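> sequence first, structure after, both from an experimental entry:
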Amino acid sequence: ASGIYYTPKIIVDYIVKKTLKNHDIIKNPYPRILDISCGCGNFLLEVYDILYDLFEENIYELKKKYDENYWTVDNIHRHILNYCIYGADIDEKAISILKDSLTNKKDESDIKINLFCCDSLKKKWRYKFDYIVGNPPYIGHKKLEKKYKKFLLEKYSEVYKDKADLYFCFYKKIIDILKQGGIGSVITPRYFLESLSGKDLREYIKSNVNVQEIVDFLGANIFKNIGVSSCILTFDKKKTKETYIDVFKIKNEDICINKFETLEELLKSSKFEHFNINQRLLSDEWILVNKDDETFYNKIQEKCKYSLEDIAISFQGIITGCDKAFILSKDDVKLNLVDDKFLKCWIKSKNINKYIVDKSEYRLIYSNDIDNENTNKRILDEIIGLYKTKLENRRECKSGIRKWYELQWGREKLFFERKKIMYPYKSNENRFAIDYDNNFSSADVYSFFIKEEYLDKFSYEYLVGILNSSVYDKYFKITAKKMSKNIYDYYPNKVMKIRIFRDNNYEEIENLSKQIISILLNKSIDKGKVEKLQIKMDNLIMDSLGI
DNA sequence: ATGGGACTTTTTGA
DNA sequence: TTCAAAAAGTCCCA
């Protein structure tokens, strides 16, 4: 709410060092370092200390090369505050605190400080900057105001579109006002590396700057008590012909960031893996994996001839708009007031397992089948109407498109009331299950059914067998969107792009999947046999894919 | 009190 | 008319 977030000191030190470790202060004693979202100035104070050390270490060389009277130890503070440090923020209080801190670093002429309290995306910047650091704000499409979103769409259409984020626009602004040959280094969410909304931002970054380094923390909790996954991006505008990116990807997401005094020590250690990515070979997606994973992914992609999107029709669950008004326990007495034709089985993401779905515990009132208010007054007055006001605040109800008691997005009943495959929208592993009970679900579970023309080619049992294998788990996680610790996004924009194969092992894989399903559906389950069959199927799939 | 695991709504642009 | 993406997630407990 306040917009002020405490970046860890080690991250700030690493970013400042990355920007300013190889700066020739003799050649250019007037470097412009800008923090576009400084806030309390965690980055700017470190920049001040680094610059003070740099000027003090080379004070006599500057005295020789330039005006000897101007370059004195006493005058370093004034020079840094006048020509070096620039900060911008939207909070007056934080800017005041930062100005006080910069003043207290060292009456006189009341040295001026280049601190601005305004919107960095609206400010007209007179000059470009040698170096840019800081941590931009992260605000999604839900928490962003409508008029500001219109402004972003009009002015930042190159990177902001649909469900994009504000830090996309901040990336664009940082790139735009970066001096030629300058270096920028920021910490942002890692989602733009793989999200669908980030495609335009990725294209802009690829085509406008050379990405020096990507540090991916995956699901590690960099910010305490904050539910976000972070990455560090360092880029330049220098004239270079190599265009190779160092990628440091974390291997253990439970590590403590204070293991060493410096972040580079952590990167060098066994807690991180390093590899190189050719920027010129980047596609719409950024496949930031090592050589072994790249070979694995390429083999799977080249071997497979079909994809899930080609052979299946996919859809999202029902979005009622107020779950408490339409979802009831199956053992609720109020369900006695609702006819069984209006009741549908309701499942959550946790109910989805491998090859099977847990028994339904909830019922959904498909209120779209209620013709009018008069005939079914009991249900509306005693069940749904308890949240009527909230139901009236939905967008479609305010515009009159939807009645107050109707589901906001009821989809089509025929899609759910058939044999299909369901999977949770967020999970730690591949969980694709055949639904035999015509289960309905919210958007936390996605569903798909095979097209008629591909039924003779692919069966549900074979699909769930291959998709739940460790091979396909690893294959999907190569390009999957990492959300948090042990959580990947399983959405149609990437699930439907999974490629599938068909060869001489189809029959045995289908038989093993059928055996696993039969064991799982039995009243008494011996799961060890299921694990053994899964191992056999994994071996068979690896044999099929030549890996 | 914080840290970490189980679990996941509906607002929103298109 | 109506699809689907979006964690500065959210809540609970030791």
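Yes, it's here. Numbering: from 1, shown residues only, chains lettered A, B, ... in the order given.
> quick one: contacts for the closest residue to DNA strand C within the stretch 151-300 of chain A?
Ranking the residues of the stretch 151-300 of chain A by distance to DNA strand C (C-beta to the nearest atom of the strand) places residue A:227 first, at 2.7 Å. All C-beta spots, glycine's among them, are computed from the backbone N, C-alpha and C. Applying C-beta atoms under 8 Å, 6 or more residues apart in numbering to residue A:227 gives the contacts residue A:484.
> which neighbouring elements make contact with the lengthiest strand in chain A?
Secondary structure of chain A per DSSP state E: the longest strand is strand A:178-189. Counting by 3 or more C-beta pairs under 8 Å, 6 or more residues apart in numbering; DSSP states H and E, the packing neighbours recorded for strand A:178-189 are helix A:9-20, strand A:129-134, helix A:166-176, strand A:230-236.
> reformat these as TSV; add distance to DNA strand C and mean neighbour count.
Formatted as TSV, the helices and strands packed on strand A:178-189 follow (distance: least, C-beta to the nearest atom of the strand, whole Å; neighbours: other C-beta atoms under 10 Å):
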stretch	distance to DNA strand C	mean neighbour count
helix A:9-20	10	21
strand A:129-134	9	25
helix A:166-176	8	22
strand A:230-236	7	22
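> report the beta-bridge partners for the residue nearest to residue A:357 when sequence neighbours are not counted.
Once flanking residues are discounted, residue A:357 sits nearest to residue A:433: 4.9 Å by C-beta to C-beta, 6 or more residues apart in numbering. Going by DSSP bridges, residue A:433 is paired in beta bridges with residue A:355, residue A:422.
> residue A:533 contacts residue A:518, correct?
No - with contact defined as C-beta atoms under 8 Å, residue A:533 does not count as touching residue A:518 (10.4 Å).
> which of these two has more residues huddled nearby?
Taking neighbours as other C-beta atoms under 10 Å, residue A:533 and residue A:518 compare with residue A:533 leading, 17 against 11.
> who's in contact with the more buried one?
A:512, A:515, A:516, A:519.
> closest to residue A:169 out of those?
Proximity of the contacts of residue A:533 to residue A:169 (C-beta to C-beta) peaks at residue A:516, which lies at 48.2 Å.
> buried stuff in the helix or strand that contains the closest one?
For residue A:516, the host element (DSSP states H and E) is helix A:506-521. For helix A:506-521, a neighbour-count test (16 or more other C-beta atoms under 10 Å) marks A:506, A:509, A:510, A:512, A:513, A:515, A:516, A:517, A:519 as buried.
> separation between the last one and DNA strand B?
So the one you mean is residue A:519. 22 Å (C-beta to the nearest atom of the strand, to the nearest Å).
> out of everything not next to it in sequence, what's closest to that residue?
residue A:530 (5.3 Å).
> the one you found: neighbour count?
Neighbours of residue A:530 using other C-beta under 10 Å come to 19.
> do the same with residue A:140
Neighbourhood size, residue A:140 [other C-beta under 10 Å]: 13.
> surely it is in a helix?
No - under DSSP: H, G, I helix; E, B strand; the rest coil, residue A:140 falls outside any helix and is assigned coil.
> from residue A:283, how far out is the residue lying farthest from the centre of chain A?
The C-alpha centroid of chain A is most remote from residue A:69, which lies 52.8 Å away (C-alpha atoms, centre = their mean). Plainly put, residue A:69 is 57 Å away from residue A:283 if you go by C-beta to C-beta, to the nearest Å.
> the residue of the stretch 151-300 of chain A closest to DNA strand C belongs to a strand?
No - under three-state DSSP, residue A:227 falls outside any strand and is assigned coil.
> which phi and psi does it have?
With angles defined as degrees, to the nearest 10, residue A:227 sits at phi -90, psi 70.
> before we move on, what about residue A:364?
The phi/psi pair for residue A:364 (degrees, to the nearest 10) is phi -100, psi 130.
> do the same with residue A:261
According to degrees, to the nearest 10, residue A:261 has phi -70, psi -30.
> output the helix holding residue A:516 as PDB, nothing but the C-alphas.
In PDB, the C-alpha atoms belonging to helix A:506-521 read as follows (Å, rounded to 0.1, in the frame of the first residue of the first chain):
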ATOM      1  CA  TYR A 506       1.300 -46.700 -27.700                       C
ATOM      2  CA  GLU A 507      -0.400 -49.900 -26.800                       C
ATOM      3  CA  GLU A 508       1.800 -50.800 -23.800                       C
ATOM      4  CA  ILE A 509       1.700 -47.300 -22.500                       C
ATOM      5  CA  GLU A 510      -2.100 -47.300 -22.700                       C
ATOM      6  CA  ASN A 511      -2.200 -50.700 -21.000                       C
ATOM      7  CA  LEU A 512       0.000 -49.500 -18.200                       C
ATOM      8  CA  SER A 513      -2.100 -46.300 -17.800                       C
ATOM      9  CA  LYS A 514      -5.200 -48.500 -17.600                       C
ATOM     10  CA  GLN A 515      -3.700 -50.700 -15.000                       C
ATOM     11  CA  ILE A 516      -2.700 -47.700 -12.900                       C
ATOM     12  CA  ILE A 517      -6.200 -46.200 -13.200                       C
ATOM     13  CA  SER A 518      -7.800 -49.500 -12.200                       C
ATOM     14  CA  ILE A 519      -5.500 -49.800  -9.100                       C
ATOM     15  CA  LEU A 520      -6.200 -46.200  -8.100                       C
ATOM     16  CA  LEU A 521     -10.000 -46.700  -8.500                       C
END
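> elements contacting it?
Counting by 3+ C-beta pairs under 8 Å, 6+ apart, helix A:506-521 packs on helix A:460-467, helix A:527-545.
> which residues does the helix or strand where residue A:389 lies contact?
Element membership for residue A:389 (DSSP H and E) is helix A:388-392. Applying C-beta under 8 Å, 6+ apart, the contact partners of helix A:388-392 are A:321, A:322, A:325, A:384, A:397, A:398, A:404, A:405.
> Three-state assignment for the first one, please.
When states are read from three-state DSSP, the local structure at residue A:321 comes out as coil.
> mind checking how far the residue nearest to it when sequence neighbours are not counted is from DNA strand B?
Among residues not flanking residue A:321 along the chain, residue A:408 sits closest, at 3.3 Å (C-beta to C-beta, 6+ apart). Computed as C-beta to the nearest atom of the strand, the residue A:408 to DNA strand B distance reads 5 Å.
> same thing with residue A:417?
Taking C-beta to the nearest atom of the strand, one finds residue A:417 at 20 Å from DNA strand B.
> burial count for residue A:363?
Residue A:363 - counted by other C-beta under 10 Å - has 22 other residues nearby.
> quickly list what it is bridged to.
Under the criterion used (DSSP bridges), residue A:363 bridges to residue A:328, residue A:345.
> wait, it touches residue A:344, no?
Yes - under the criterion of C-beta under 8 Å, residue A:363 makes contact with residue A:344 at 6.8 Å.
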